[PDB]
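K.L.:
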Amino acid sequence: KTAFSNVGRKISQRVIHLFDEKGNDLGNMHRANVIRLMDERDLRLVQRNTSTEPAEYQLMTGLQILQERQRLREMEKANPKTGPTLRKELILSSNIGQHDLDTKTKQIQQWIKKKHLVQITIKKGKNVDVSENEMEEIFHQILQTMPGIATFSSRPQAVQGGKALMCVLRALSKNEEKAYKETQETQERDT
Amino acid sequence: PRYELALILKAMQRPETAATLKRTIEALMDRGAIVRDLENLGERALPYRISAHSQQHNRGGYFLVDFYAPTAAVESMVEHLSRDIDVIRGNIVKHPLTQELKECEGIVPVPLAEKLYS
Amino acid sequence: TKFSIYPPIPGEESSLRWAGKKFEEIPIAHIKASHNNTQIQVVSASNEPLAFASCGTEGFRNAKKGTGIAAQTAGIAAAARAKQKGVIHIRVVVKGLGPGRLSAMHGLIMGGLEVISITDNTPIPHXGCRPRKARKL
Amino acid sequence: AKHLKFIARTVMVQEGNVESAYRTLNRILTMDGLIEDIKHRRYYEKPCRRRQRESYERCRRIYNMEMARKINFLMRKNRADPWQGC
RNA sequence: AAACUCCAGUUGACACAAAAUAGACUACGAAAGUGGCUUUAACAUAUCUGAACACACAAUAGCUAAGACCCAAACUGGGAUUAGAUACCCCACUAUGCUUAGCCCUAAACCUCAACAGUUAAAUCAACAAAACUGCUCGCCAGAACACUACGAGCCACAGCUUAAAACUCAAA
Ligand SMILES: [K+]
Ligand SMILES: [K+]
Ligand SMILES: [Mg+2]
Ligand SMILES: [Mg+2]
Ligand SMILES: [Mg+2]
Ligand SMILES: [Mg+2]
Ligand SMILES: [Mg+2]
Ligand SMILES: [Mg+2]
Ligand SMILES: [Mg+2]
Ligand SMILES: [Mg+2]
Ligand SMILES: [Mg+2]
Ligand SMILES: [Mg+2]
Ligand SMILES: [Mg+2]
Ligand SMILES: [Mg+2]
Ligand SMILES: [Mg+2]
Ligand SMILES: [Mg+2]
Ligand SMILES: [Mg+2]
Ligand SMILES: [Mg+2]
Ligand SMILES: [Mg+2]
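If you read the sequences in order, they're chains A, B, C and D. Under this note's numbering, the first sequence has 166 at position 174, and the numbering climbs by one with no breaks. To get this note's numbering, take the position in the second sequence, counting from 1, and add 11. To get this note's numbering, take the position in the third sequence, counting from 1, and add 211. To get this note's numbering, take the position in the fourth sequence, counting from 1, and add 8.
1. Taking a contact to mean a Cβ-Cβ separation below 9 Å, would you say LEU12 (chain D) touches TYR59 (chain B) in this structure?
2. Mapping DSSP to helix, strand and coil, what is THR330 (chain C)?
3. Going along the chain, which residues of its own chain have a beta-carbon closer than 7 Å to the beta-carbon of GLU235 (chain C), five neighbours each way excluded?
4. Give, in chain order, every unbroken run of the alpha helix (DSSP H) that is at least 4 residues long and sits entirely within the stretch 81 to 143 of chain A.
5. Tell me whether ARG79 (chain A), by its Cβ, gets closer than 8 Å to a heavy atom of ligand 3.
6. When you compare each of D:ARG87, D:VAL21 and D:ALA16 to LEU42 (chain D) by their alpha carbons, which one comes out closest?
7. I'd like the span of the alpha helix (DSSP H) that includes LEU123 (chain B), first residue to last.
8. Considering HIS106 (chain B), what are the terminal residues of the beta strand (DSSP E) in which it resides?
9. Helix, strand or coil for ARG49 (chain D), going by three-state DSSP, please let me know.
10. Pull the bridge partners of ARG47 (chain B) from the DSSP assignment, please.
11. Whose C-alpha, out of A:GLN179, A:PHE(-4) and A:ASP92, is nearest the C-alpha of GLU269 (chain C)?
12. If you count every other CB in all the chains shown that lies within 10 Å of the CB of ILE287 (chain C), and 16 or more means buried, which is it?
13. Can you find the residues in the same chain that come closer than 6 Å, C-beta to C-beta, to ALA262 (chain C), ignoring five residues on each side of it along the sequence?
14. Figure out for me which residue from C:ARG346, C:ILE280, C:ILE329 and C:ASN247 has the closest Cα to the Cα of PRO218 (chain C).
15. If we cut at 9 Å on Cβ distances, does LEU12 (chain D) have a partner in chain B?
16. Under a three-way DSSP split, which group does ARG59 (chain D) fall into?
17. Taking one C-beta from the stretch 119 to 129 of chain B and one from the stretch 21 to 37 of chain B each time, how about it: are there three or more such pairs within less than 8 Å?
18. Of all Cβ atoms in chain A, is any one closer than 9 Å to the Cβ of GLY270 (chain C)?
19. Comparing the C-beta of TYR71 (chain D) with each C-beta of chain B, is any distance below 9 Å?
20. If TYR51 (chain D) sits next to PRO342 (chain C), beta carbons under 8 Å apart, how far is it from one beta carbon to the other, in whole angstroms?
21. For a cutoff of 9 Å on Cβ pairs, would you count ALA70 (chain A) as touching chain C?
22. Kindly say whether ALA315 (chain C), judged by its beta-carbon, lies nearer than 9 Å to any beta-carbon of chain A.
23. Kindly indicate the opening and closing residues of the alpha helix (DSSP H) around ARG292 (chain C).
24. By DSSP, does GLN250 (chain C) sit in helix, in strand, or in coil?
25. Within the same chain, show all residues whose beta-carbon is closer than 6 Å to that of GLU48 (chain A), passing over the 5 residues directly before and after it, in chain order.
26. Using a Cβ-Cβ distance under 9 Å, would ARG60 (chain B) count as near chain D?
27. Report the rounded CA-to-CA distance for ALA230 (chain C) versus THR212 (chain C), giving the unit in angstroms.
28. My parser needs the alpha helix (DSSP H) runs of 4 or more residues fully inside the stretch 46 to 98 of chain B; what are they?
29. Can you grab the Cα-Cα spacing for the pair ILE134 (chain A) / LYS98 (chain A), in whole Å?
30. Would you list, in chain order, the members of the stretch -7 to 6 of chain A that have their beta-carbon closer than 8 Å to a beta-carbon of chain C?
31. For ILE3 (chain A), collect the residues of the same chain with a Cβ closer than 6 Å to its Cβ; drop the 5 residues on either side in sequence, then sort them by chain order.
32. Taking the alpha-carbon positions, what's the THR53 (chain A) to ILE251 (chain C) distance?
33. Run through the DSSP bridge pairs and tell me what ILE299 (chain C) is partnered with.
34. With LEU20 (chain B) and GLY72 (chain B) assumed to form a contact (beta carbons below 8 Å), what rounded beta-carbon distance in angstroms separates them?
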């Protein structure tokens, strides 16, 4: 995380683009001169933008730093963007039992309702040789439990020289979900 | 039995301090106590700040009242002291001079084996 | 006279003085040395705040706040704001066994303040609130 | 809280030697058991665990005192060999 | 990282919560338990032994009702870790821990040593624990597993407690 707080007296860079407490642009200056300003005016230094090639810092009072920090947290509460997508993964075997596959299927379902990405790998079993098409059946069994709740993010693909298949499942987009409801309703009208 | 009342009074002038003691000794007598002596231990700074009856205290008058009373008088007297606004802290203990100290020959050595064994 | 590590008792007549001020009149540097931070407040004998600095207000974040060099920097910052207000001699009252317990005092000295006494006021309950359960590590 | 301040756990600094004053204060708090007390109080020690450690500490102290006494007693004969060659 | 930002520090006021140091002590009580202060009441038996069920008790957890609520905290929620993490790690908060009145009647309720009396000479004694035994009495045990289970009965207990088998199986345990 990046916090809106006083950077301190030790500034990372040597050349610093500085602004005034009122926003007046003071231009670029050396960090040694900035520390002298912070002491002469009794002000603290915050980092407003780092993307700019010349590092941009602004002088601010403790009261201002508080108001901005309060402002920002009122925006994020109003607009809490879910930034990270978490890639959960399950390595399965071809000879997995039904009780174990039913347990791992329920686990996959809970990951999809949380809007995660589920990478499913299926590997050849111990003492067992299987047709690569048979391994692909498990993917369709897992997804069949989630008819209108999930779909192939990446379709089944052979990996490790064909020894083990791979896949990625995802939650259906809102548009794809309304389409499924529509198609399902049309079938209801037909029947 | 014989009791000892350790009485810490609000720091006051002589007239109000005497009125508090008389009012306190009469409360003992009203409950059947036979008052034996009254000792002044002097006004001093309290070992810590004491809040009593919506006031903060840093000094107090320390007094002792040696008296005999029935066992039922203690409970009633403790209640009386809780309501007197001029009393900072009042405690009734069994008089220490009633308990006779048993004679001691000395420090008998204790075997170390028992220490770890115990 | 021989040196006494025991502080002068208020109300008694001592001969010790610091810039003409008695022990009861020397400002107090309150150092709270926590496990993940160190807070320093300098106050006058009348409880008037004069300077405040912590590892967080000096630009340290997360585990860097819980270091000696962060506390030393917080001490220097509090000393500077206190020296401007006329403070030379201070009584140190430190509560907590954090990493900035001693380093915070060094920073106060490097900042121009003279420590005349050290007091520990680490809270020890005499029986109090139940602490959190032990950690399994 | 209700007591007087700057009496308990207070050490005066001599000749600006703050390091020696801090070591004296830390030695005072250690000898009185406050440092170990503060540390053991960061997390709750359960009563069965406190009894076990208190019992372990009391038996170790006795065992160390008894082992020190034995060596002191048996070090009287550490003098040079009086009958060397025999 | 999340969480908080009417947040933190100093000072003052402030509890129906919990009881540093003493305690390196080894006490009280039938056991369970009992370690801030004061007071009142008060710790059975002038031979011992004597109950799964009689009589009276019995940590923690838990139930029913009404209260208190600092802090801790199952569960739960969030953060992170992970192949997964219904965990360990971080945060929040609840039942609960407290009081009152009723229940429930369990514990590795363990000095893992039944009560009482006696002995230190015999062989000291499988081993380890905790030196080895005698008298006397009650309780209890008779391969493992099934089994702190089934059925019956009793119980304020109703997902419970107490008592407690058999069949099949094994040559061990
Ligand atoms: K206590
Ligand atoms: K045991
Ligand atoms: Mg991953
Ligand atoms: Mg009997
Ligand atoms: Mg019995
Ligand atoms: Mg019987
Ligand atoms: Mg039973
Ligand atoms: Mg019980
Ligand atoms: Mg309860
Ligand atoms: Mg809490
Ligand atoms: Mg979770
Ligand atoms: Mg609660
Ligand atoms: Mg209580
Ligand atoms: Mg026990
Ligand atoms: Mg018996
Ligand atoms: Mg058997
Ligand atoms: Mg059971
Ligand atoms: Mg049963
Ligand atoms: Mg039954």
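No residue lacks a Cβ here, since even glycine has one placed at the ideal position from N, Cα and C.
P.N.:
According to the data block:
1. A Cβ-Cβ contact shorter than 9 Å links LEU12 (chain D) with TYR59 (chain B).
2. strand
3. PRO221 and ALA256
4. Entirely contained in the stretch 81 to 143 of chain A, the alpha helix (DSSP H) runs reaching 4 residues are, in chain order, 90 to 105 and 124 to 136.
5. yes
6. With distances taken between CA atoms, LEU42 (chain D) lies nearest to D:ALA16 out of D:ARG87, D:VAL21 and D:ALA16.
7. 123 to 128
8. It is not in any beta strand (DSSP E) - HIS106 (chain B) carries neither H nor E in the DSSP assignment.
9. coil
10. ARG47 (chain B) pairs with nothing; no bridge assigned.
11. A:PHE(-4)
12. buried
13. When the five nearest sequence neighbours on each side are left out, the beta carbons in the same chain lying within less than 6 Å of the beta carbon of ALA262 (chain C) are those of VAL253, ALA289, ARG292 and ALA293, in order along the chain.
14. C:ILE329
15. With 9 Å as the cut-off, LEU12 (chain D) counts as an interface residue toward chain B.
16. Taken through DSSP and simplified to helix, strand or coil, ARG59 (chain D) comes out as helix.
17. no
18. yes
19. At a cut-off of 9 Å, the C-beta of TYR71 (chain D) has a neighbouring C-beta in chain B.
20. 6 Å
21. no
22. no
23. 279 to 295
24. strand
25. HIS9, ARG40 and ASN41
26. yes
27. 19 Å
28. If we require 4 residues or more, the alpha helix (DSSP H) runs fully inside the stretch 46 to 98 of chain B come out as 82 to 94.
29. 9 Å
30. Within the stretch -7 to 6 of chain A, the residues whose Cβ lies closer than 8 Å to some Cβ of chain C are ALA(-5), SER(-3), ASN(-2), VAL(-1), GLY0, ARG1 and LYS2, listed in chain order.
31. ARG23
32. 19 Å
33. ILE299 (chain C) is not bridged to any residue.
34. 4 Å
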